Amino acid sequence: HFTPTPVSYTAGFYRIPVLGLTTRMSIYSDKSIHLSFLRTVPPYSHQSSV
Amino acid sequence: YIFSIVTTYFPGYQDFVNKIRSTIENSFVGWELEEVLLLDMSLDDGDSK
């Protein structure tokens, strides 16, 4: 859970997009606290429609 | 006693508007709020709307 937050902060300092692959925690689900981040898999909390 | 609020997306606007609404909900003063706006300039070429 740790390293993606440093990676996102370091990248978003310059406001460049980031593509996330192997994380689905809901801490990055927000669109405000983290400036730029993308997901290729549904978040861990998204399994509520099933 | 007449006002309206306009805001963009920032970390804490929701709590701001919630506090304003809750404070004006129960008071002995007559507060007249005319709608709330949540405009955003993120969209490209959206200045018309």
# chains A, B, ... in the order shown; residues from 1 in each chain; ligands from 1
call {"tool": "closest_atom_pairs", "arguments": {"of": "chain B", "to": "chain A", "cutoff": "8 Å", "atoms": "only C-alpha atoms", "output": "Markdown table"}}
result
| residue | atom | partner | partner_atom | distance |
| --- | --- | --- | --- | --- |
| B:9 | CA | A:32 | CA | 7.5 |
| B:10 | CA | A:32 | CA | 6.5 |
| B:11 | CA | A:32 | CA | 6.0 |
call {"tool": "residues_around", "arguments": {"residues": "range 26-43 of chain B", "least_positions_apart": "3", "cutoff": "7 Å", "atoms": "only C-alpha atoms", "output": "ChimeraX atom specification"}}
result
/B:1-9,23,46
call {"tool": "atom_distance", "arguments": {"atom1": "CA of residue 16 in chain A", "atom2": "CA of residue 34 in chain A"}}
result
11.7 Å
call {"tool": "select_by_dssp", "arguments": {"residues": "chain A", "states": "strand (DSSP E)", "output": "JSON, numbers by chain"}}
result
{"A": [19, 20, 38, 39]}
call {"tool": "residues_around", "arguments": {"residues": "residue 7 in chain A", "least_positions_apart": "3", "cutoff": "12 Å", "atoms": "only C-alpha atoms", "output": "PyMOL selection string"}}
result
chain A and resi 1-4+10-14+16-20+34+36-37
call {"tool": "write_last_selection", "arguments": {"atoms": "N, CA, C and O atoms", "output": "short mmCIF file (atom, residue, chain, number, x, y, z; two decimals), in the first residue's frame"}}
result
data_model
loop_
_atom_site.label_atom_id
_atom_site.label_comp_id
_atom_site.auth_asym_id
_atom_site.auth_seq_id
_atom_site.Cartn_x
_atom_site.Cartn_y
_atom_site.Cartn_z
N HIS A 1 0.81 -1.21 0.00
CA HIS A 1 0.00 0.00 0.00
C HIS A 1 0.84 1.27 0.00
O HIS A 1 0.32 2.34 -0.34
N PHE A 2 2.12 1.18 0.36
CA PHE A 2 2.91 2.39 0.59
C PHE A 2 3.36 3.04 -0.71
O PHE A 2 2.91 4.13 -1.06
N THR A 3 4.21 2.34 -1.47
CA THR A 3 4.96 2.98 -2.56
C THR A 3 4.11 3.72 -3.60
O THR A 3 4.57 4.77 -4.08
N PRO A 4 2.92 3.24 -4.01
CA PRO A 4 2.16 4.01 -5.00
C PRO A 4 1.86 5.44 -4.57
O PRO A 4 1.77 6.32 -5.43
N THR A 10 5.14 12.18 -6.38
CA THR A 10 6.28 12.64 -7.16
C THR A 10 5.87 12.97 -8.59
O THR A 10 6.34 13.96 -9.16
N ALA A 11 5.00 12.15 -9.19
CA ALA A 11 4.57 12.42 -10.55
C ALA A 11 3.63 13.63 -10.61
O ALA A 11 3.80 14.51 -11.46
N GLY A 12 2.65 13.69 -9.71
CA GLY A 12 1.67 14.75 -9.70
C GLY A 12 2.19 16.10 -9.29
O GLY A 12 1.49 17.10 -9.49
N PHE A 13 3.39 16.15 -8.69
CA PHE A 13 4.03 17.45 -8.51
C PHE A 13 4.12 18.21 -9.83
O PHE A 13 3.89 19.42 -9.86
N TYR A 14 4.45 17.51 -10.91
CA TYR A 14 4.51 18.11 -12.24
C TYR A 14 3.21 17.98 -13.01
O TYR A 14 3.14 18.41 -14.17
N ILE A 16 1.46 15.27 -14.23
CA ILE A 16 1.50 14.36 -15.37
C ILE A 16 0.66 13.13 -15.05
O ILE A 16 0.59 12.72 -13.88
N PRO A 17 0.02 12.51 -16.04
CA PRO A 17 -0.84 11.36 -15.75
C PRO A 17 -0.04 10.13 -15.36
O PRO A 17 1.12 9.96 -15.74
N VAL A 18 -0.68 9.26 -14.57
CA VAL A 18 -0.09 8.01 -14.12
C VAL A 18 -1.10 6.89 -14.34
O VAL A 18 -2.28 7.03 -13.99
N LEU A 19 -0.64 5.78 -14.90
CA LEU A 19 -1.47 4.60 -15.13
C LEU A 19 -1.15 3.55 -14.07
O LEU A 19 -0.01 3.07 -14.00
N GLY A 20 -2.15 3.19 -13.27
CA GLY A 20 -1.99 2.18 -12.24
C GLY A 20 -2.49 0.83 -12.72
O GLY A 20 -3.51 0.73 -13.39
N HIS A 34 -5.59 13.09 -4.58
CA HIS A 34 -4.57 12.67 -5.54
C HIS A 34 -4.90 13.29 -6.89
O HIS A 34 -5.97 13.03 -7.45
N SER A 36 -3.60 13.13 -10.08
CA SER A 36 -3.71 12.29 -11.27
C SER A 36 -3.37 10.85 -10.91
O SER A 36 -2.33 10.59 -10.30
N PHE A 37 -4.25 9.93 -11.30
CA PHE A 37 -4.04 8.50 -11.14
C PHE A 37 -5.14 7.77 -11.89
O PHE A 37 -6.28 8.23 -11.93
#
call {"tool": "select_by_dssp", "arguments": {"residues": "chain A", "states": "alpha helix (DSSP H)", "output": "PyMOL selection string"}}
result
chain A and resi 4-12
call {"tool": "write_last_selection", "arguments": {"atoms": "N, CA and C atoms", "output": "compact mmCIF listing (two decimals), in the first residue's frame"}}
result
# COMPACT_ATOMS: atom_id res chain seq x y z
N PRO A 4 2.92 3.24 -4.01
CA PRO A 4 2.16 4.01 -5.00
C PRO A 4 1.86 5.44 -4.57
N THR A 5 1.70 5.70 -3.26
CA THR A 5 1.48 7.08 -2.83
C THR A 5 2.71 7.96 -3.07
N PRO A 6 3.94 7.56 -2.68
CA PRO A 6 5.10 8.35 -3.12
C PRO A 6 5.20 8.50 -4.62
N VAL A 7 4.93 7.44 -5.38
CA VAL A 7 5.04 7.53 -6.84
C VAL A 7 4.06 8.57 -7.38
N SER A 8 2.81 8.51 -6.90
CA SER A 8 1.79 9.43 -7.36
C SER A 8 2.11 10.86 -6.96
N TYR A 9 2.60 11.07 -5.74
CA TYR A 9 2.96 12.42 -5.31
C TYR A 9 4.09 12.98 -6.16
N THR A 10 5.14 12.18 -6.38
CA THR A 10 6.28 12.64 -7.16
C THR A 10 5.87 12.97 -8.59
N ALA A 11 5.00 12.15 -9.19
CA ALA A 11 4.57 12.42 -10.55
C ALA A 11 3.63 13.63 -10.61
N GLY A 12 2.65 13.69 -9.71
CA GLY A 12 1.67 14.75 -9.70
C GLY A 12 2.19 16.10 -9.29
call {"tool": "atom_distance", "arguments": {"atom1": "CA of residue 24 in chain A", "atom2": "CA of residue 38 in chain A"}}
result
10.2 Å
call {"tool": "atom_distance", "arguments": {"atom1": "CA of residue 45 in chain A", "atom2": "CA of residue 23 in chain A"}}
result
11.9 Å
